[PDB]
Amino acid sequence: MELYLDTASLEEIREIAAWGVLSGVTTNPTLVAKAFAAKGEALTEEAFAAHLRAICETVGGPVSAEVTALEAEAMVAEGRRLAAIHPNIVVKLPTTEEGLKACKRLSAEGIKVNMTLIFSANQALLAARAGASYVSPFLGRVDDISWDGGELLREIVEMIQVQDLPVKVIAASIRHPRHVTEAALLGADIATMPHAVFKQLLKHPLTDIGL
Amino acid sequence: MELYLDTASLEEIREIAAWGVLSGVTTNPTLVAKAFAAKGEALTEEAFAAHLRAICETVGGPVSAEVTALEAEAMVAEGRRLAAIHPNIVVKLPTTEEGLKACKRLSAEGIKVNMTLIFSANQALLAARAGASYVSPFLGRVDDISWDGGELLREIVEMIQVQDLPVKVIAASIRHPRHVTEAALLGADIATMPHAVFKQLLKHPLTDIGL
Amino acid sequence: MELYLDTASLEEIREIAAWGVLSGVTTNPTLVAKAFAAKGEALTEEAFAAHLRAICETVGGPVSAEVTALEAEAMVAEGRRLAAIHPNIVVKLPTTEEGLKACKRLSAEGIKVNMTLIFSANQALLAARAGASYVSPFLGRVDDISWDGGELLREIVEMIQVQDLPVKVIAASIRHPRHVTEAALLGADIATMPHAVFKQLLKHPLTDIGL
Amino acid sequence: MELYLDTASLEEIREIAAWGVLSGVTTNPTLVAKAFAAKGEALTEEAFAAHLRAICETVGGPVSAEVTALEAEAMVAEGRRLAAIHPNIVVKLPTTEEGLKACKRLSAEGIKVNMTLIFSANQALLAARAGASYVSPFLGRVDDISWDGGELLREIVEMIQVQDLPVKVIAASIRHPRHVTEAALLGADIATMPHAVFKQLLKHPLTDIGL
Amino acid sequence: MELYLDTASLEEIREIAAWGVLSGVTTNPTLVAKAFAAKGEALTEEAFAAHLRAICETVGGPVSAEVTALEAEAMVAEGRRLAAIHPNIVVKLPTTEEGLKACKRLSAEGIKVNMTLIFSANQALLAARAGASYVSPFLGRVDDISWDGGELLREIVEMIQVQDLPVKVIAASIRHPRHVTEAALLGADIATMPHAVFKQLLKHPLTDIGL
Amino acid sequence: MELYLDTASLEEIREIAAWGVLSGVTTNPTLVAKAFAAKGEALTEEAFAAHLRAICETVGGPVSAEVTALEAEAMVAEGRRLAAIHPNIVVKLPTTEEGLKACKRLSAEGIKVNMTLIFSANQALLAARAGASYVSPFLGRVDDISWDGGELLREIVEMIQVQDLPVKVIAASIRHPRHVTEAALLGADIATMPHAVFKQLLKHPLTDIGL
Amino acid sequence: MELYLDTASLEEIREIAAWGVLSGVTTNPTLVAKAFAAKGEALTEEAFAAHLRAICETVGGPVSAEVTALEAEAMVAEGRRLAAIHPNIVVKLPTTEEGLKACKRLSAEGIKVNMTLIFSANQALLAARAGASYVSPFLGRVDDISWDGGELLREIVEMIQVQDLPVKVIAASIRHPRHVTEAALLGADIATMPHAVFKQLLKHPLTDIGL
Amino acid sequence: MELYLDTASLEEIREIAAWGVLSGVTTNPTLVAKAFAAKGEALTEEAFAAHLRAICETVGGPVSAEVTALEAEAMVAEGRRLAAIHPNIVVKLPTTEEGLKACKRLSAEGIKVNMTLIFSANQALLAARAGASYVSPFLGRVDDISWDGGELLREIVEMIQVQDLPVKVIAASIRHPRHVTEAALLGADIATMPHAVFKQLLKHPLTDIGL
Amino acid sequence: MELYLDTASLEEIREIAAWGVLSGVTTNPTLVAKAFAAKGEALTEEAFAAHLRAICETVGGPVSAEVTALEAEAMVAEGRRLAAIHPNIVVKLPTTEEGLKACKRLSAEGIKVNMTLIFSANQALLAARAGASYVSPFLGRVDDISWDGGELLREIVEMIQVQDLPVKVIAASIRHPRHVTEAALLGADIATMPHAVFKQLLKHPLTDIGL
């Protein structure tokens with residue numbers, strides 16, 4: 001399973017990159033905001049593009065950028081602008097009716113689409129059907145409402161496997177180390193997680209005592 | 001799993017086709033009549049074929065048209081007529097002794113047949129043996145008589161899988177979203193459902209909240 | 001498993017009562033409103049209590065009546081009123097922070113409480129812990145968002161048994177005959193459904209031909 | 001598991017009765033008609049009663065007698081007449097809406113009711129709810145339409161066990177030796193079968209050579 | 001699980017009884033004959049009786065004696081005489097129509113019956129229903145025809161547990177040590193075997209090496 | 001399963017106590033200091049004792065207080081002082097050799113002991129054998145080490161159930177709602193969690209949309 | 001599961017008895033030889049019994065004394081002597097024919113017997129049938145020859161639970177911490193181990209880190 | 001499953017090699033010192049090199065050589081040196097942040113890395129994603145802290161299988177024969193064990209008497 | 001599963017081979033000793049070889065000949081001569097340290113080796129690692145000591161499958177028919193048995209009555 005960092009922090013990214021285990025990165029408006037806020041710069045379109053481009057160069061792998069439009073037409077326009085930032089950019093769209101429409105168009109144009117905000121295997125199926133390259137179910141948010149996020153992932157992976165669909169599954173909304181193991185054991189293609197969880201992955205008491 | 005619409009309404013077909021997830025359509029006289037009633041047009045034999053042709057062009061995928069005859073020879077004649085309307089048309093026959101004889105003759109002539117009204121694995125096996133391209137078990141109508149429709153589908157899918165049969169399975173009589181997920185998890189090739197269910201598939205409170 | 005009717009229609013209740021299988025009734029403002037709609041009469045506070053009293057007399061078993069207040073104090077006052085209408089009255093409260101507070105107080109006063117709008121096992125556990133006499137998970141509504149409603153029921157029933165909790169489970173939001181069978185097989189104490197589902201439970205082709 | 005004979009033939013009843021393993025008998029208008037025909041005796045109202053009495057005295061256990069009316073009030077009238085024939089008589093009713101009405105009324109007066117023509121766990125549940133003493137699902141006829149009769153029995157037995165219901169289960173429509181075993185293994189209370197099957201039960205190769 | 005000896009040899013019985021693990025003895029004519037043949041003794045009623053009584057006195061547990069008649073009335077007379085020789089005697093009958101008839105009478109008179117030559121669960125069930133105190137399925141002989149003797153045992157045991165039948169199960173036709181273990185784990189009440197097998201039970205390399 | 005709060009904040013304790021679902025509280029030095037920091041009060045022995053009594057009075061159930069010594073003698077002395085603070089006080093000891101010694105001594109004097117910092121079933125067994133009234137496995141800290149904490153709880157509960165030990169199990173180090181559900185399903189007696197998790201337990205989108 | 005020490009060292013016994021987890025002790029000739037050897041004390045029937053009695057007073061529970069005779073008659077005499085040393089003494093005998101004979105007589109006299117050197121379910125069964133109060137399979141010696149010792153324990157416990165035998169199971173030959181856990185989980189009544197394994201049970205990195 | 005020797009003893013290597021079952025050897029600084037000591041020489045740079053080279057040539061398989069540095073750069077410099085000694089040498093790195101960086105560099109340079117001190121599947125996945133050729137979970141050390149070492153082997157193997165990762169699994173910390181069996185059954189590619197363990201693999205009582 | 005005969009009797013080999021189901025033969029000193037005894041001839045190096053050569057020509061498949069040496073050098077020399085007798089000959093060595101050393105050299109020369117006297121999966125593994133083409137576990141001897149032989153075969157087969165080892169499994173020590181069925185269902189490649197068992201394989205009472 002490939003591991004992705006769910007952040008916009010170039011420092012966090014560069015650190016995990018050095019480990020040699022970073023396959024990609026996923027961002028969203030709030031994560032990009034925290035980045036600039038925590039830095040000595042204002043968030044302008046010019047700066048936004050340069051930051052995404054810099055992340056793409058650092059990671060050397062796919063980087064997801066979220067559209068904020070609510071209507072399909074505007075979503076497509078925005079997706080194209082994001083994809084025009086760097087060849088490694090994957091466009092992230094919410095799995096809704098409009099998102100579905102946008103996914104069909106963008107993917108028919110050769111632009112890779114990551115369908116996010118998925119909370120059911122049926123949503124994942126429609127997205128795959130609409131041309132999604134990636135589907136991102138949210139494990140943590142499911143646990144938040146007292147349901148088993150892991151079972152959501154399982155149904156999606158199992159459905160994609162028996163149906164032989166090409167879409168790749170991204171275990172998202174990772175809250176702890178076992179979310180990663182579970183996704184790996186289930187057959188997820190990718191797991192994206194915050195820097196803190198990534199930093200926890202490598203820790204174990206028996207390891208230290210062995211050093 | 002490919003998604004089909006069980007309707008004759010071009011408006012509905014257009015809405016879902018725009019999502020980019022529509023792989024086909026299945027109809028019946030009832031459905032074509034209704035569509036024609038919702039409109040101010042008389043349902044004449046000609047306007048009929050014209051309608052089926054409009055659906056084929058709109059979905060750009062397989063479209064099932066039901067024969068009304070009960071005798072093998074009449075079914076075959078009607079079947080040839082239907083197939084001539086457009087090359088995307090699939091002939092739907094009832095799974096009866098006559099349906100079997102007709103299915104045998106039609107499939108031999110290179111005409112794809114959808115065997116419907118299937119309520120047991122044995123009927124699915126006979127239909128498959130007769131050359132059917134598709135078999136359509138009815139999940140909902142089974143639940144209707146207090147039996148588990150999902151188990152019906154399970155036996156049909158497993159048998160076909162165990163027996164290495166070419167025939168494709170269409171889960172029909174879809175009543176709710178879990179019927180779709182189940183069919184997909186089991187390995188059904190297609191699920192055909194009414195517009196209302198298709199519109200329910202995308203709904204989840206957490207997606208709305210995430211927007 | 002005891003079977004209940006979810007309605008306010010004395011006519012529907014009389015019919016099922018005649019069968020000799022009606023153990024109780026669940027109502028909500030909308031159902032009561034519709035009841036007075038079909039017939040000719042204004043829905044006043046005095047006729048409302050008169051109607052619930054009548055229902056209690058026709059079924060001769062527990063009748064659930066919904067609180068309207070959103071804050072605890074008002075919920076307790078309204079619950080006492082409903083419980084004073086007739087000894088067969090069970091007070092239904094939403095499973096929220098306020099409903100939990102109101103549940104503790106009404107149950108301490110010997111009033112039977114039905115905690116409704118339950119969509120997770122954790123909500124049912126809190127309700128039971130709060131003194132609920134009944135807990136009502138919604139199967140169909142969960143199915144509506146592409147999750148397995150029966151699996152919510154399962155988790156709730158299994159926790160209750162393993163924990164030896166006194167609370168009884170009411171399978172609500174029944175949509176089809178199999179929801180009933182699954183609730184019975186799982187161990188739900190009660191299943192409450194609309195008159196249309198109740199009327200479908202006896203139907204089967206073999207019985208008809210058998211007669 | 002108690003074993004019953006589904007017949008009206010005193011000769012057959014007598015033979016099995018002597019093995020000391022016959023607990024009861026179930027009959028219907030047909031089987032009684034064949035009995036009289038074979039005995040070249042006219043089926044009068046006086047002979048009918050005497051024959052049932054004769055069967056009751058011979059087996060010395062419960063004897064099921066079928067009502068013919070379709071309407072509830074008539075089913076009850078005939079039900080009382082039947083029960084008055086002999087105290088061993090158990091009244092059999094079709095599991096329908098009228099059957100349910102008649103079941104509640106006759107069971108309330110102390111008369112034991114056998115609800116038959118059951119093809120779903122839901123029908124069994126309503127019957128148990130209406131006061132049935134016995135519930136009779138038909139295994140063979142379910143097999144006749146390519147569904148597993150043993151699964152119907154399984155679901156019914158499990159539901160009754162889990163719901164801790166008083167009603168007893170009579171595995172009916174027995175066609176071969178394995179139906180009996182399965183019923184015994186699943187937990188059925190009674191298995192009523194035809195003489196021909198009862199005779200097959202104790203036959204086995206190794207037994208004869210052992211002799 | 002109580003252990004029995006399949007023999008009529010007083011020296012064999014005496015050696016094992018010394019171990020303190022002998023609960024009973026099962027005999028048959030061929031066995032009794034070889035014991036009398038070992039000496040120059042004639043096999044006559046008084047000697048036969050004296051010998052069985054000696055067995056009883058020695059084992060201090062139930063002792064099974066086989067009837068030879070093939071007609072019930074004769075089986076009954078023989079059973080009564082066998083029972084009269086000593087209170088620990090259990091009458092063994094073949095599981096057949098006549099055997100069932102005899103079982104009913106003998107057991108109704110307070111005589112313990114051991115139905116043998118059992119090869120199916122249905123035979124065991126008929127025997128149990130006829131009044132048998134014990135049923136003796138033959139594991140070894142079933143394995144002789146390439147079937148699983150243990151499965152015969154399992155089904156009988158399960159049926160007995162599930163059905164709450166009084167009868168006890170004697171794992172008979174025990175050929176080897178694992179048969180004993182197999183029968184112990186499957187829940188058989190008793191296991192009767194030849195002296196040769198009893199002497200094989202406690203053998204094990206590690207025990208000897210541990211001495 | 002009984003719900004406990006893992007905090008020393010009275011404001012948090014009072015809010016959940018009012019829901020009527022709080023069965024107890026567990027504390028530790030760090031949690032106490034935070035509570036005092038938040039109220040801006042000096043943490044003296046007297047204020048500490050008054051604070052603990054305040055908690056005991058608000059919850060009206062068991063309250064765990066931690067000993068800070070690691071020698072058995074000092075642990076016992078400290079445990080006696082904590083127990084003397086209020087009759088609802090349960091003494092928490094670390095599961096170590098010294099902890100086992102103190103546990104023996106304290107439990108022998110009627111003081112209830114909660115053995116904590118348990119990460120293996122063997123530690124839980126010793127603690128139980130030493131006289132612990134409660135054992136507290138840490139679920140979250142195991143997950144942090146990339147091992148399955150829910151599995152640790154499973155092994156502990158199963159062992160406890162299988163061995164029929166009276167010790168009660170407190171699922172601790174709760175990080176999310178599913179830890180609570182899982183612990184309840186496994187059969188744990190108690191779950192102790194932070195206020196944020198307790199508050200998340202009631203949350204579910206379908207409940208809000210239902211209001 | 002009760003924990004025992006396999007040693008004759010009164011110092012080791014005292015250390016563990018001080019944790020309040022020591023339920024008994026198991027000894028053998030070679031073990032007591034070491035104790036005296038280490039103390040430079042001379043072996044004498046007077047000192048021997050004085051030492052075993054010292055053990056008894058210390059532990060305060062059952063103490064196993066190995067019998068060295070190989071002949072039943074001698075085993076019994078030697079057994080009566082050991083039993084006379086202290087009322088807590090449990091006589092250990094080899095599971096052989098002679099052992100079984102000695103076990104029968106000794107147990108009949110009211111003396112608790114521990115049948116050791118058990119390596120198969122059949123041996124365990126014989127021992128229990130002979131009046132043994134305990135059976136001691138050896139897990140480690142089985143693992144020593146590439147067979148799963150745990151599986152031997154599994155079969156012994158299953159059989160005992162299945163056959164409702166009174167005998168208690170003592171998992172012997174414990175080599176590591178998981179032996180204890182596995183034995184506890186399988187349902188062994190007691191686990192006896194050397195002091196070194198006892199001192200390992202509590203070890204765990206997270207416990208240390210937590211302090 | 002390939003079998004390795006965890007030693008630096010040419011004698012041991014030669015013995016097991018003669019068996020023809022030795023596929024490789026794992027070494028560490030310690031094992032090297034003990035070999036030189038027993039030999040009589042003090043390890044120098046060239047002495048160390050000629051020894052590892054001798055091992056390679058003797059085994060004719062891959063040999064693991066442990067790095068000593070703690071910082072990435074140093075681990076790389078030292079790793080390049082070990083690799084230069086011979087082409088059979090596999091560099092062994094500790095699975096830590098630094099080890100990962102080292103592994104990434106070294107493995108890119110064609111050198112094979114063995115990541116050791118792995119105690120979680122998440123650690124194994126990171127090692128694998130860093131380019132590791134082998135991952136070595138320590139079964140024994142896990143069993144030491146009372147957890148199941150096999151479970152950790154099982155998760156690493158399942159994950160590597162499901163994720164189709166190149167990496168091979170080396171089961172380390174092998175203590176007894178059954179660790180070998182378990183590793184093999186669990187699908188480990190290699191098991192490295194000390195000479196003393198190989199020496200017990202072939203032992204069995206029945207084999208002894210077989211000769 | 002290929003069937004083999006365990007004998008030297010050319011007569012027996014000739015009969016079974018007539019059935020068309022013999023794929024090979026297994027011999028040993030004893031067996032050939034009785035073949036030459038019943039026949040008129042003495043056992044000489046010339047007679048031996050010639051005889052085995054005849055068996056080869058008769059069976060048309062592999063023939064296993066056991067060496068009698070006890071040292072690697074003696075086994076190799078003796079192994080070379082046996083393979084020289086005929087190309088079908090398979091050299092059977094005992095699974096010991098010497099046998100392994102032998103196996104390595106022989107197999108390395110191109111001689112097919114059959115390792116025997118295997119009573120543990122570890123032995124089968126070492127053997128397979130040494131070059132064995134066949135491994136032979138003895139089910140019967142294992143059952144003899146009250147352990148389950150099938151379980152050993154199962155583990156050996158599971159290990160070989162998972163590890164994808166070339167070696168073939170010959171199920172030896174077959175005492176009866178079910179051993180053959182059990183070895184087949186488990187997945188053994190070959191089953192070697194005595195003439196007597198073969199003659200019992202197709203026995204069935206239903207086949208007889210079917211004739």
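The figures that follow rest on heavy atoms only: side chains count, while hydrogens, waters and symmetry mates do not. Letters go in sequence order (proteins before strands), and every chain restarts at 1.
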Residue pair H:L165 / H:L125, side-chain heavy-atom distance below 4.5 Å: yes
Closest non-hydrogen atom pair, I:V162 against H:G187: CG1-CA, 3.6 Å
Heavy-atom check, side chain of A:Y4 versus side chain of A:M193, under 4.5 Å: no
Nearest-0.5 Å distance, NZ of residue H:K112 to OG of residue H:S133: 6.0 Å
Test side chain to side chain contact (heavy atoms under 4.5 Å, CB included) applied to H:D148 and G:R178, step by step: CA-CA 7 Å; H:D148 185 357; G:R178 292 298 297 186; 3.9 Å; yes
NZ/NE/NH1/NH2 to OD/OE distance under 4.0 Å, H:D143 and G:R175: no
For the student: nearest non-hydrogen atoms of H:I89 and H:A65, plus distance: CG2-CB, 4.2 Å
Nearest-0.5 Å distance, CG of residue H:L52 to OG1 of residue H:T27: 5.5 Å
With a 3.5 Å cut-off and sequence neighbours excluded, list the donor-acceptor pairs that the side chains of residues 201-211 of chain A form with protein atoms.
unit_1: A:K203; atom_1: NZ; unit_2: A:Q200; atom_2: OE1; d: 3.2
unit_1: A:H204; atom_1: ND1; unit_2: A:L206; atom_2: N; d: 3.1
unit_1: A:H204; atom_1: NE2; unit_2: F:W147; atom_2: NE1; d: 3.2
unit_1: A:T207; atom_1: OG1; unit_2: H:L117; atom_2: O; d: 3.4
unit_1: A:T207; atom_1: OG1; unit_2: H:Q123; atom_2: NE2; d: 3.1

H:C103 versus H:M115, closest heavy-atom pair with distance: CB-SD, 3.8 Å
Nearest atoms (heavy-atom pairs only) where F:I170 meets F:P137: O-CD, 3.3 Å
Heavy-atom side-chain proximity of H:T116 to H:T95 below 4.5 angstrom: no
Closest heavy-atom pair and its distance - H:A184, I:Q163: O-NE2, 2.9 Å
Inter-residue atom distance G:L153.CG - G:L139.CG, 0.5 Å rounding: 5.0 Å
Min side-chain heavy-atom separation H:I174-H:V180 under 4.5 Å: yes
side-chain contact (heavy atoms from CB on, under 4.5 Å) partners of F:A124, counting only residues at least two apart: F:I118, F:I156, F:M159
Flag if over 12 foreign heavy atoms under 6.0 Å of CD, A:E11: no
Intermediate values then yes/no, side chain to side chain contact (heavy atoms under 4.5 Å, CB included), H:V67 and H:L82: CA-CA 8 Å; H:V67 301; H:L82 290 173; 4.2 Å; yes
Taking every non-hydrogen atom, the tightest pair across H:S120 and F:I145: CB-O, 4.0 Å
Rounded distance [0.5 Å steps], CZ in F:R141 versus CZ in F:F138: 4.5 Å
Evaluation steps, side chain to side chain contact (heavy atoms under 4.5 Å, CB included), between H:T7 and H:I13: CA-CA 8 Å; H:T7 184; H:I13 298 176; 4.0 Å; yes
F:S173 side-chain N/O to F:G140 backbone N/O, donor-acceptor pair under 3.5 Å: yes
Cationic N near anionic O, under 4.0 Å, H:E158 to H:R154: yes
By ring pair (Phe, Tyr, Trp, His ring centres under 6.0 Å) - contacts of A:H179 (at least two apart): A:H176
Expected output: side-chain F:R129 to main-chain G:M1 donor-acceptor under 3.5 Å: yes
A:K199/A:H195 under side chain to side chain contact (heavy atoms under 4.5 Å, CB included): CA gap, chis, key distance, verdict: CA-CA 6 Å; A:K199 290 286 285 182; A:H195 179 254; 3.5 Å; yes
Chi angles and distances behind the salt bridge (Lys or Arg N to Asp or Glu O under 4.0 Å) call for H:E73, H:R105: CA-CA 9 Å; H:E73 298 183 307; H:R105 187 112 89 287; 5.4 Å; no
H:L93 side chain near H:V91 side chain, heavy-atom distance below 4.5 Å: yes
Sidechain-backbone polar pair: F:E66 side chain, F:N28 backbone, donor-acceptor under 3.5 Å: no
H:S64 and H:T26: side chain donor to acceptor below 3.5 Å: no
Check: H:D189 side chain, H:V169 main-chain N or O, donor-acceptor pair, under 3.5 Å: yes
Point-to-point distance, once rounded to the nearest 0.5 Å, from CG of I:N122 to CD of I:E155: 9.0 Å
Any donor-acceptor N/O pair, H:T192 side chain to H:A172 backbone, under 3.5 Å: no
F:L70 and F:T96, any side-chain heavy atoms less than 4.5 Å apart: no
Test item: side-chain donor near acceptor, F:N114 and F:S136, under 3.5 Å: yes
Point-to-point distance, once rounded to the nearest 0.5 Å, from CZ of A:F198 to CD of A:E12: 11.0 Å
